[PDB]
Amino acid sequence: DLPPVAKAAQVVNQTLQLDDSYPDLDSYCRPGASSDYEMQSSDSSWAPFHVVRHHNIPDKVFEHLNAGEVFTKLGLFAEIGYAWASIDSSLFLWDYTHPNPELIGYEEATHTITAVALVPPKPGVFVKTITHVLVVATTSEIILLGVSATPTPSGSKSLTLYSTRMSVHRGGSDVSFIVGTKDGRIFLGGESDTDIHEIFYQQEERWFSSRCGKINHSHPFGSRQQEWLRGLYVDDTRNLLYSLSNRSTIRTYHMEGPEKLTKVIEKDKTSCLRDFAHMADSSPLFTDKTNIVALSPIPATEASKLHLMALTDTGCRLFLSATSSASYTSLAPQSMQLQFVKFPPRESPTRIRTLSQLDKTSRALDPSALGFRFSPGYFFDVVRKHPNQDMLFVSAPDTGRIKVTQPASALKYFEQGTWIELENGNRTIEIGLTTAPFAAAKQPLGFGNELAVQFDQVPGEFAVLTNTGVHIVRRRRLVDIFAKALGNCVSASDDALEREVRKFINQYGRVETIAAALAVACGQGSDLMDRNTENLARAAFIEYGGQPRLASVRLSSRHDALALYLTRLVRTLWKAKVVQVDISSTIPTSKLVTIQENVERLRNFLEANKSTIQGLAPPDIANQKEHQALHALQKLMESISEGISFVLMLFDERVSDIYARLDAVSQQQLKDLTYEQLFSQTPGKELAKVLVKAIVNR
């Protein structure tokens, strides 16, 4: 009744939903606490992160820095691969990915530079080629410069600066923190007070208004005690702005309009401590003596309730929710509460490899000087136990264990962690993301599924700026770990592989492990011996793939692995519309090519092992449906490749011309045609037969 490709498409749809059901952050960080870690040596194949390269500071910057009379400062523009150094009233930018960079000097400023930042531009203000705005704050004024960071053949942005005539006198309040919103709004704060200012600017000059203005959103008056800021933090997904003070007070501001900023929550350390005392597990790691050293916003795409992470100097990660009083009039929250605490790990870093209650007393992250969190939870902590050498603790969610955990009430914040040592003299200054922000889905459920996006977006990379250079740290995927582990099994027994494979099964489950073997066998991870590793991966896919059984049948883990891998290769395509009407393609052509290559390499792998892989060759009811299921998947693969080739052929011509000379029903059918329908449904095949028949006649 139902043909092969339609049967296989059913498996894809159900697999997509399974990946998009990956637990949301609120679900495994429920009210309570956790100390769950599996620590890995930094030199281990199971390390969750590792250093890939380093970039020294140019010698000319050292000449200027040691020529500093009063004040110097370093910072990162990780979004574009640039770093900067300010010396008194002079500023120098450079591309740290370049082996011998030239210094972009800017010395117009008259007074000491106190802060520098790279923010998005205000729309409809600048020429489209202006990609960013450079904000330069001195003790006398703030200066805006246009920036064009266009990519080069080498892979590092070319940076050119534009004057703007946009500037405003600073005033009496120091500026040490500058942050920008998605829409180009510029907010300022510093070490004089807790006030937050905003810089406005517009293209047109008016007789009653200048091109650039500044206002204090805090409207202070009367008696005020000493207190200033340690940082500013933006969350565009909620239109919120957070400030952290030197007294560890957390203030939340809501952008109720394009020019408004309203303080809506103020939560001091006492309030946090009161929440903490009402929790089941209190700890001497968080007291009135403890300082909060950093905040990190959590976007609404990642979690509904948990808005914010706060890091203590003892290494505790405080996760705070925020809630509005009502459900309708963005809606501003009015309350903030400490809900969940992740306590520090216990293992300390060691030169030599060392050998179930809540651990709420570890000092391993004491003192924590700097801290950063990146979605879906990558955590960097600069531990400064000694005044000369920083130690870097880096951890990630145990995505494999979180995905397999059952039932939902057993979910905990499992983590994989490691210690990265920086050499003597390296003082960490800043850590920034160099790749695109992580997102496996558009809502909390499914958002954190690292496994699903292993082959759709490169692994996250992070630039660690120190006083001596920039270190690149890269997140490692399951396939990276699996390939590395197998690389160590090349010179060992039949039982050596089985032992290493069992480690993966116990953490990730059998299907995910066999899917990783299939991926490695198909060359995934090789963008980083390699024939033997891929042959070992093939051996693991065959030997440990399981078999089909009567419970309606339960197909082998080998089959589910093939369906899982294939689904993840096309997840960006399946439910997407083929075209966007001047008609164009929803998916960029370059992305369609790589997807097709991946599908074809998978097909090539199955053909070259049609005789050795169980189920491919024809074979009692169990092995029968195993053969039918595997056959249907392979028919979907060739249909996927044909479908992609058809779309590429289509846009090589002039589709808008073809679309014009077309009937309405066929325009409408093409309007809402998805890749799924093209791959696995008759109306999609019949429509493709129309479009080709129109191209051939002209």
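Residue indices: 1-based, along the sequence shown.
- The entry shows a gap from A551 to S552, with 10 or more unmodelled residues of the deposited sequence in between.
- The segment from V581 to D582 is interrupted, since 4 to 9 residues of the deposited sequence in that interval carry no coordinates.
- Mean CA B-factor, 219-227 versus 378-386: the higher value falls on 219-227.
- The PDB entry records a higher mean C-alpha B factor for 620-628 than for its counterpart among 388-396 and 620-628.
- Looking at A83, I265, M309, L331, the one whose CA carries the top B-factor in the deposited record is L331.
- Within the group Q507, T589, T468, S173, the record's highest C-alpha temperature factor is found at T589.
- Sorting the modelled residues of the chain by their CA temperature factor places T249 in the lowest third.
- Annotation for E686: CA B-factor lies in the highest third of the chain's modelled residues.
- Split the chain's modelled residues into thirds by C-alpha temperature factor. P99 is in the highest one.
- Per the deposited record, the Cα B-factor of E638 falls in the middle third when ranked against the other modelled residues of its chain.
- Remark: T194 belongs to the lowest third of its chain, ranked by C-alpha B-factor as recorded.
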